Amino acid sequence: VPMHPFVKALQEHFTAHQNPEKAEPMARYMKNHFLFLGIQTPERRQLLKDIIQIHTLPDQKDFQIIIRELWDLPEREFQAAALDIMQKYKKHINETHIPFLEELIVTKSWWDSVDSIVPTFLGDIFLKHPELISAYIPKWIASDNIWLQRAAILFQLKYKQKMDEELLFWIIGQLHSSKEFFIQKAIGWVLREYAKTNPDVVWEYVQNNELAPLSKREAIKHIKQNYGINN
DNA sequence: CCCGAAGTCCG
DNA sequence: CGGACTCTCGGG
Ligand SMILES: Cn1cnc2nc(N)[nH]c(=O)c21
């Protein structure tokens with residue numbers, strides 16, 4: 001069975017605007033885990049828009065099919081476009097899509113794709129269905145996959161006043177001993193971001209619980225100005 | 001326009 | 001370790 005024609009059209013149009021000179025630094029920035037065509041986001045978005053204008057967005061029955069097919073293409077721009085396309089189907093994504101989203105997190109994994117899946121798509125699902133958190137988060141923390149561990153940390157990133165503080169700190173406690181940069185940094189990020197809503201709670205947590213040095217420093221990068229740096 | 005959110009390079 | 005800095009991207 002051939003590639004979906006929308007994907008074939010997108011592949012043709014992206015490839016015709018590839019930039020091998022830019023592709024080399026773009027691939028190096030992702031530590032050469034991926035081939036790149038060399039197309040940056042403003043142009044990539046317009047090229048996708050060109051294809052939607054010509055072909056129309058596929059019927060929602062094909063949404064997951066399109067995403068998978070783009071995920072399986074070698075160049076990283078096709079995963080970025082896949083995430084752009086998934087946003088166009090946002091109103092059709094619900095709690096039944098958590099396994100589909102998990103599979104995207106653990107395939108072609110790196111911070112660029114995972115961070116575009118977790119605080120937005122999964123974050124919105126678990127805000128609406130917080131009773132489903134315990135069906136996934138414990139497994140993610142226990143898994144060998146650092147990107148599911150990062151998902152457990154960052155899905156609440158944007159929750160602000162809806163943050164479940166007890167849950168957040170329990171998750172961080174489970175992962176505070178990790179030597180993985182992407183876990184230590186995710187802990188620092190979510191704490192730094194939540195400190196924009198509740199600085200006192202974050203300050204108390206980082207002063208009284210063990211964290212990797214990187215995590216602590218990133219957490220208080222801004223709020224240390226409010227409290228001071230004791231001699 | 002601005003600001004705040006991986007990477008290199010150095011001590 | 002962490003400071004100083006780069007570029008790209010999203011949002012105000
Ligand atoms: C702070 N920060 C986090 N991710 C970032 N990505 C880029 N490209 N540039 C930054 O300054 C940056």
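Just so you know, these numbers use all the heavy atoms, side chains as well, and skip hydrogens, waters and symmetry mates. Below, chain A is the first sequence line, B the second, and so on; all start at residue 1.
When the options A:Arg28, A:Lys22, A:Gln18, A:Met30 are evaluated for a side chain to side chain contact (heavy atoms under 4.5 Å, CB included) with A:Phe36, the one that passes is A:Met30.
Aromatic pair A:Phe182/A:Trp110: centroids less than 6.0 angstrom apart.
A salt bridge links A:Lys90 with A:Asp124: the distance from a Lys NZ or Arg NE/NH1/NH2 to an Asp or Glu carboxylate oxygen falls below 4.0 Å. Salt-bridge annotation for A:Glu102 and A:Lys139: present, with a side-chain N of the basic residue lying under 4.0 Å from a carboxylate O of the acidic one.
Across all their heavy atoms, A:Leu37 and A:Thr15 have their closest contact at CD1-N, 4.1 Å.
Side-chain N or O atoms of A:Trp140 include none that pairs as donor or acceptor with a backbone N or O of A:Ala151 at under 3.5 Å. A donor-acceptor pair is defined here as one N or O able to donate and one able to accept, closer than 3.5 Å; such a pair exists between the side chain of A:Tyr159 and the backbone of A:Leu127.
In this entry the distance linking CG of A:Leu211 with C1' of C:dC1 reads 16 Å, nearest Å. The CD1-P distance, from A:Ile223 to B:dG4, rounds to 15 Å in whole Å. Separating the CE atom of A:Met26 from the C1' atom of C:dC7 is a distance of 12 Å, rounded to the nearest angstrom. Distance, A:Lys221 NZ to B:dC3 P: 16 Å, rounded to whole Å. Distance A:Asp112 CG to C:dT8 P: 15 Å, rounded to the nearest Å. Rounding to whole angstrom units, CD1 of residue A:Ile187 and P of B:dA5 are separated by 17 Å.
For the segment residues 36-49 of chain A, residues with any heavy atom less than 4.0 angstrom from an atom of DNA chain C are, sorted by number, A:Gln40, A:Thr41, A:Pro42, A:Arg45.
Proximity of A:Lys196 to the phosphate of B:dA5: a side-chain N or O atom is located under 4.0 Å from OP1 or OP2. Taking only side-chain nitrogens and oxygens, A:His222 never comes nearer than 4.0 Å to OP1 or OP2 of B:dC3.
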Verdict with reasoning, A:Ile171 to A:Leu168, per side chain to side chain contact (heavy atoms under 4.5 Å, CB included): CA-CA 5 Å; A:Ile171 290 170; A:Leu168 177 70; 5.7 Å; no
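Judged by distance alone, the side chains of A:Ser143 and A:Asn145 never bring a donor and an acceptor atom under 3.5 Å apart.
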Under a 4.0 Å heavy-atom criterion, the protein footprint on nucleotides 6-11 of chain B, written with B, S and -, is BSS---
